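Structure first, then comments.
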Amino acid sequence: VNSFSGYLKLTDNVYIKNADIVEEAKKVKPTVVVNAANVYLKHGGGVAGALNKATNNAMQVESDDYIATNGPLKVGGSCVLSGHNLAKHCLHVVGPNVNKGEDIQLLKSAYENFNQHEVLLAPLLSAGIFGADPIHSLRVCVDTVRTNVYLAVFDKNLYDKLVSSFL
Ligand SMILES: CCc1c[nH]c2ncnc(NCC(C)(C)CC(F)(F)F)c12
Ligand SMILES: [Cl-]
């Protein structure tokens, strides 16, 4: 039993809700919140900009030190950093950004990072400003993630379409 509330169950392990991931993280304080990161951990907009803003830019400060030490992530890769005031940990995961021309096949690799964590609060990878089809991203999530994932979909219209079109 966990503290996530109001989710619709899609499969044995995948759950979904119309929610602002920022507000959801603040309420649940999950062990892991997933960020829709880029390789430079520059948290400018989309989910990343919103999460960082909620940390009062502490996520960005920590991220800049991470990059200065380690260099950029790989597309499809991830790193674990602090969750600040939102969660114990933040798993920064880089899905491909279609608006940069990146290979959509890397979306599966991106979701594989979730399997290293038993329970996660997450957005749909590569959706929103990353330019992928959110319906496809959900299909890849369900077919790749085996651990327990609670998906937050900000857009109510999109949430309804995701549920109504789910196979
Ligand atoms: C600023 C963005 C954002 C803040 N809080 C969030 N929580 C969840 N998902 C988010 N964005 C991903 C979507 C849901 C695919 C974006 C889209 F497609 F609907 F426009 C956000
Ligand atoms: Cl977005």
Side-chain angles (χ1 to χ4, degrees), residues 2-10 14-60 63 73 75-76 78 81-102 104 106-111 113-114 117 119-145 147-166:
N2 64 52
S3 159
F4 290 101
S5 176
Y7 286 75
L8 177 71
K9 182 169 179 58
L10 297 176
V14 179
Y15 295 81
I16 195 169
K17 183 181 180 178
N18 169 229
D20 181 348
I21 193 171
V22 170
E23 285 308 305
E24 186 76 5
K26 282 195 289 185
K27 152 175 126 54
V28 176
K29 290 296 236 75
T31 306
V32 180
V33 66
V34 173
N35 182 31
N38 59 52
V39 298
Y40 308 110
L41 303 179
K42 284 172 59 94
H43 307 302
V47 169
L51 291 173
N52 176 58
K53 177 181 179 181
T55 76
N56 183 43
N57 210 51
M59 178 181 286
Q60 190 64 66
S63 293
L73 297 179
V75 179
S78 70
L81 291 172
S82 179
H84 301 276
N85 52 316
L86 303 178
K88 189 173 190 301
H89 304 106
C90 178
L91 181 68
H92 295 272
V93 180
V94 184
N97 188 325
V98 174
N99 305 317
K100 298 179 180 177
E102 289 161 358
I104 194 64
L106 291 168
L107 187 54
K108 187 173 185 75
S109 300
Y111 274 116
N113 294 285
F114 288 25
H117 303 277
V119 181
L120 315 87
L121 173 60
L124 283 171
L125 296 181
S126 298
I129 68 177
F130 282 61
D133 175 10
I135 296 176
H136 172 66
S137 182
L138 177 56
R139 190 74 261 165
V140 178
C141 181
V142 163
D143 294 339
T144 305
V145 182
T147 55
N148 292 143
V149 57
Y150 289 84
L151 296 167
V153 177
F154 179 62
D155 189 71
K156 169 61 171 170
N157 287 328
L158 177 59
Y159 170 81
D160 284 349
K161 181 188 191 136
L162 284 163
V163 168
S164 286
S165 61
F166 183 71

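Just so you know, residue 1 is the first one in the sequence shown, and it goes up from there. Side chains are part of it too, since the values below use all heavy atoms of this structure and drop only hydrogens, waters and symmetry mates. Just follow the structure's listing: the first ligand is 1, and inside any ligand the first atom is 1.
Looking at every heavy atom in both residues, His117 comes nearest to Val32 through ND1-CG2, 3.8 Å. Across every non-hydrogen atom of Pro96 and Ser126, the tightest pair is O-OG, 2.7 Å.
Not counting sequence neighbours, the partners of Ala50 by the side-chain contact (heavy atoms from CB on, under 4.5 Å) test are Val22. Listed by chain and number, the residues in a ring pair (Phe, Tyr, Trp, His ring centres under 6.0 Å) with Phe166 amount to none (sequence neighbours excluded).
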So what's ligand 1 close to, N/O to N/O, under 3.5 Å?
unit_1   : atom_1 : unit_2 : atom_2 : d
ligand 1 : 5 (N)  : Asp20  : OD1    : 3.1
ligand 1 : 7 (N)  : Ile21  : N      : 3.1

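Within a 6.0 Å radius of NZ in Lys161, other residues, nucleotides and ligands contribute 12 heavy atoms or fewer.
Among residues at least two apart or in separate chains, side-chain hydrogen bond (donor to acceptor under 3.5 Å, both in side chains) pairs with a member in residues 86-97 are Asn35-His92.
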